[PDB]
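Heads up, the thing below is written out as structure tokens.
Positions of Cβ are backbone-derived with ideal geometry, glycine not excepted, and every protein chain shown enters the neighbour counts. Coordinate-derived values only; no laboratory data.
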Amino acid sequence: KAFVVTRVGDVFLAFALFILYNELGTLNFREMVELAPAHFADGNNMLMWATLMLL
Amino acid sequence: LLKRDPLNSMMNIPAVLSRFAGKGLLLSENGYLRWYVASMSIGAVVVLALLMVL
Amino acid sequence: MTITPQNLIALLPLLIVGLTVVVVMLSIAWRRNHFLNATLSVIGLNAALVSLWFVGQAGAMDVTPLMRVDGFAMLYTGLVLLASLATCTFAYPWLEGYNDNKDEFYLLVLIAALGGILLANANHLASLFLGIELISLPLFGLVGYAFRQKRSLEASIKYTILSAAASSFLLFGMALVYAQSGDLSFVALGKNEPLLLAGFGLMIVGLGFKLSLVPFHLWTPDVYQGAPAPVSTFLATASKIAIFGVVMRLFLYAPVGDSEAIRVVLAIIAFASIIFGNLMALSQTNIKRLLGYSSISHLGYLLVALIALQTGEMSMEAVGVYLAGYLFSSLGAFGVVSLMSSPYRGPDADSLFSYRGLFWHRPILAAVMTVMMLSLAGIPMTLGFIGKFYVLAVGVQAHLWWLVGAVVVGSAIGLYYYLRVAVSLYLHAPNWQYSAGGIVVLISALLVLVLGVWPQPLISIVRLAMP
Amino acid sequence: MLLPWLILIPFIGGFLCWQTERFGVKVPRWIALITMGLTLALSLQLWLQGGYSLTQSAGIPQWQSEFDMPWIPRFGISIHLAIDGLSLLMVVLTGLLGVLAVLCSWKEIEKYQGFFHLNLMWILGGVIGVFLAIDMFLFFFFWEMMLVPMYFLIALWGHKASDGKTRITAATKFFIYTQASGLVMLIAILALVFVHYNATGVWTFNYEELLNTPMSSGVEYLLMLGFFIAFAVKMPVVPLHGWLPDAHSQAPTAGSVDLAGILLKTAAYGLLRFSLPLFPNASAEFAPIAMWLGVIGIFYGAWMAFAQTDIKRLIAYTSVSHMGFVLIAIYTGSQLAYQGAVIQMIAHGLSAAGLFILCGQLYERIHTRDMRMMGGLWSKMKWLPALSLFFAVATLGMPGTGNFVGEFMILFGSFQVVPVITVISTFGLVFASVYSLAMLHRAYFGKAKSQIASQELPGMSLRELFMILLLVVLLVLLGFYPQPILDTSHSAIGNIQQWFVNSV
């Protein structure tokens, strides 16, 4: 039951991982930190899906 | 509900229909020679009919 | 026209075989010996194969208005001669155990070879009739050879009444066409009024009995169970191989066969032949009835090529190669059945349940039946697949989608019974001319394997023969 | 040059094993091991000697080695063997699986054993010939002749002619379900060649000129369905996969190694190589049907895997779940997705082969097939269940195994192209866990008193453990370090994707 429940969370975790590569390209944390505001001049609505599902 | 596999069974119905239709065709054969000649007349009838509708 | 030496060289196949009947009949009346008659008959048929080279020295020409000799007829005469050669070599081991009068067999097979090599050469509707009946009278009488059983006579009588009935339908159709047309010559015919088409349908009835088509197939099980296995080798291969040539030539030459009215009717017969063969063929547990069921489907595949003879020139070689592959497959399979009856044994006990084992009894002979039985189906590395492949290509070429689909689904249905017999020869077990009979079927096994893997040389022969 | 020899060694070995059957009975085991060693030598020589890191945009025709020979000149049918980068991965995989097949059959003497091995080399050589095939007829002939000798394997070696359930249901469904669709794709080949013959005027059966043949819309769609039907009955797709569990549960597990690990490869190989490039617009129209069938396959195989009580049918129903990821990968417009499918596909073979070897190994230890009958064998076996735990662990997406990087780059590329069908697809990992744990807990966790026969257990020999140890270490290196084989396949995958992109 722990194994099933932790893999449900890991599916939820990998969902945000797909979205971050689709939106910002690089998955390194720091390069992500000063790449996130550069790519987000126009659209922001989909980042809540990334971050809520990351959460 | 998936203790037996449904789609394997539901695409086996070609074999079911073929075997049962093949059994019916075997039962259509008789061995009495009068009906063999009747088959010859009834083939002539349908061939002439199928030629006269063309 | 009169007789010229060109005509005699062209007629050399019909001549050597006829001289063989006379010499065989004189030899029967002189000594009545099995060894001498078998030797004399096989020498004449081998002499006919040698003389095929000499008619190849002659070109495409006529002998009489009855016959036309082309290179197409050269190949069909060859198919009939090897089947006659095949049936005498399978009959000697079966007839050694026969009680008496063991010598009339080769005389009737020789008459049937005359009939077969007369339907190869055809140009007039009368030669069509002199050929059908010359071969039927030995097939009237040879399925009734060894009438001492309770089923050989049964089989002979059923085939006798039905074959005379088909010949009467063919003859009545043959005249109802000639009422419109001024001549019965194939070429001169058709020079779409309903009487000519109605006469044509009657000839289809009289021809589709012997070709085992869908509403006339009822004889093909029973006589194949009743007849001797040496007769079944000839009755499966030579008769229908010879008969298919004349029915193809009539539609190629006659302009009435160009019209779609006859084309639709023959296509439906071909459609139903595949289906009504390959569905009733599953339940059989008898090997002779099993081969008789497959014969109906094989002649159906020949028809789905023949309907598209008039669209594209590839149908000529397609029919030719499937006939060559079909000859070799059936001769090997029926030879193994006859080779299991090495004595006369009264009634031979052959069945699919009787063929459990047979690899630990006789391993070589089981391999031949398996190779040929996989060749009947459509498995590659066998000549039947290349023949199957051309008939699919011909149906694709002529846009006969229902017919080519029928071959595939007919192949899909018919794979089942061929494979059971192939594996039933691997379950747990329940003289000099015999070695010669084994050599014939083993020679055919090597041929079907090497012409399935490497099929080009047979195509070269076929395009050499086709005009 | 090397390609004629590399497809012929399997057939040459079958002739020689059956020749030396008269000389001895312990010969064909040792003959077969060396002959498959030569097969991998030529395959690994092509990996090392060839320029595996070649140009990524060298067109659709690109081959490290190529053979041509006239076979039937009337249609231009030729022995057009030609090896690409991803085709070379397939050849090295089947050479390794052939070594495992001939190693699992070691110490297996019978009334006849040369017959078994000539058939064994014949079927493995048939798969190699499909993998090296550019001419359509040669591809089809090899596709259909690897399919005949397995029937004899399931028939005469499924059980030795005692029970009739090893032929009339299992082997017969295996044979018919493949051959009807094989004939379908043959008439598909012929319809494509005839429309090309109308266009140009030459009878050709070659892939390069059939690649760009002009066809009107609404025509090539039917031929694409015709290709896909034969490519959907060999790898397990949703409507037609009933043959797979019957085939794996009855054949000996060496025949099951051939039936699972490498026969499932060739259909997705053909979807990558022969179906995608020939029909770009038809495949672009057919794509969403392929995605729906892919997601249905993953969920369906896992449920049927959870619901089953035996082991051979259990791993046989994992395979249909695994191939759904591959089908969705192929039917998308992403280079990363295709390269994920290749690593997932090689790992699929490597993760099914070890499980089948071990399931057969467990049966011959205990003489009992039903999984729920046993339980708690961990205190008795010393190396089988520990190694089996990692293989069940490698089935799902556990990192350090090749399956994780495989399935998961597909999901990256799949979300790159289309969101909603991918977000459904990811949930198969949760379902992969539940049938993986079901296998593990029903078989090994528990008390040994669940079965009376679980109280006297044999030992495990050295060579089986050696060939299990090699697979687990090989699969871990593919999970941790998958770069070398991705650099190999990059250019072949790239031109297929560029053609699928540019031709639409």
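Is it the case that B:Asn30 is exposed (fewer than 13 other Cβ atoms within 10 Å of the Cβ) and polar (S, T, N, Q)?
Yes, satisfied.
Checking each residue in the stretch C:395-409 for being within 10 Å of another protein chain (Cβ to nearest Cβ) and in a helix (DSSP H, G or I) picks out C:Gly395, C:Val396, C:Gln397, C:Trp401, C:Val404, C:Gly405, C:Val407, C:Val408, C:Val409. Can C:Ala422 be described as of a type outside the set (D, E, K, R) and not in a helix (DSSP H, G or I)? No: the conditions fail for C:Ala422. Restricted to helices (runs of 4 or more DSSP H) entirely inside the stretch D:399-504, no element has at least 1 residues that are within 30 Å of D:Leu278 (Cα to Cα), among the basic types (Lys, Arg) and touching a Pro at 6+ places or on another chain (Cβ under 7 Å).
Yes/no per residue for (1) within 14 Å of the chain's Cα centre (by Cα); (2) within 11 Å of chain D (Cβ to nearest Cβ):
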site: A:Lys1; (1), (2): no, yes
site: A:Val4; (1), (2): no, yes
site: A:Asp10; (1), (2): yes, yes
site: A:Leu20; (1), (2): yes, yes
site: A:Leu24; (1), (2): yes, no
site: A:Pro37; (1), (2): no, no
site: A:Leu47; (1), (2): yes, no
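Within the stretch D:370-388, residues that are closer than 20 Å to D:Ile468 by Cα sit with their Cβ atoms under 6 Å from residues that are of a type in the set (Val, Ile, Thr) and not in a loop (DSSP other than H, G, I, E, B), at 6+ positions apart or across chains, in these pairs: D:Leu387/D:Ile468.
Once the stretch B:1-20 is narrowed to residues that are over 25 Å from C:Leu415 (Cα atoms) and of a type in the set (A, V, I, L, M, F, W, C), the residue that is farthest from the other protein chains (Cβ to nearest Cβ) is B:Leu1. Counting only helices (runs of 4 or more DSSP H) that sit wholly inside the stretch C:237-349, those with at least 1 residues that are away from chain B (no Cβ under 14 Å) are C:287-306, C:314-340. Just wondering, is there one or more residues in the stretch C:121-138 that are out of contact with any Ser or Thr (no Cβ under 9 Å at 6 or more places or on another chain) and among the charged types (D, E, K, R)? Scanning the stretch C:121-138, I find no residue that is out of contact with any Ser or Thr (no Cβ under 9 Å at 6 or more places or on another chain) and among the charged types (D, E, K, R), so the answer is no. If you filter the stretch D:63-74 down to residues that are surrounded by fewer than 17 Cβ atoms within 10 Å (Cβ to Cβ) and part of a loop (DSSP other than H, G, I, E, B), you find that the one that is farthest from the other protein chains (Cβ to nearest Cβ) is D:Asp68.
Listed here are the residues, each with its yes/no results for (1) surrounded by 24 or more Cβ atoms within 10 Å (Cβ to Cβ); (2) aliphatic (A, V, I, L, M).
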| residue | (1), (2) |
| --- | --- |
| C:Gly71 | no, no |
| C:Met74 | no, yes |
| C:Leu82 | no, yes |
| C:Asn99 | no, no |
| C:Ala113 | yes, yes |
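Can D:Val320 be described as within 14 Å of the chain's Cα centre (by Cα), within 12 Å of chain B (Cβ to nearest Cβ) and not in a helix (DSSP H, G or I)? Against the criterion (within 14 Å of the chain's Cα centre (by Cα), within 12 Å of chain B (Cβ to nearest Cβ) and not in a helix (DSSP H, G or I)), D:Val320 does not qualify.
What about D:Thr401, is it over 20 Å from the mean Cα position of the chain (by Cα) and polar (S, T, N, Q)? No.
Contact map, the stretch D:115-128: residues that are under 7 Å from D:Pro149 (Cβ atoms) paired with residues that are among the acidic types (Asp, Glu) and part of a helix (DSSP H, G or I), Cβ distance under 6 Å, separation 6+ or inter-chain. Pairs shown: D:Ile123/D:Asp258.
Among residues of the stretch B:38-54 that are more than 14 Å from C:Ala166 (Cβ to Cβ) and facing chain C (nearest Cβ under 7 Å), those with a beta-carbon under 9 Å from a residue that is of a type in the set (D, E, K, R) and surrounded by fewer than 16 Cβ atoms within 10 Å (Cβ to Cβ) at least six positions away or on a different chain give the pairs B:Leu54/C:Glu260.
Against the numbered list (1) farther than 20 Å from C:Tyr416 by Cα; (2) out of contact with any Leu (no Cβ under 6 Å at 6 or more places or on another chain), C:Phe359 comes up short only at (2).
Among the candidates D:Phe274, D:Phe205, the residue that is more than 30 Å from D:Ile315 (Cβ to Cβ) and more than 15 Å from the chain's Cα centre (by Cα) is uniquely D:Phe205.
Of the residues making up the stretch D:291-317, those that are closer than 22 Å to D:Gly397 by Cβ and away from chain B (no Cβ under 14 Å) are D:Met291, D:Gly294, D:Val295, D:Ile298, D:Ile311, D:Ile315.
Apart from one condition, A:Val4 fits all of (1) more than 30 Å from D:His441 (Cβ to Cβ); (2) surrounded by fewer than 14 Cβ atoms within 10 Å (Cβ to Cβ); (3) touching a helix residue (DSSP H, G or I) at 6+ places or on another chain (Cβ under 9 Å); the exception is (1).
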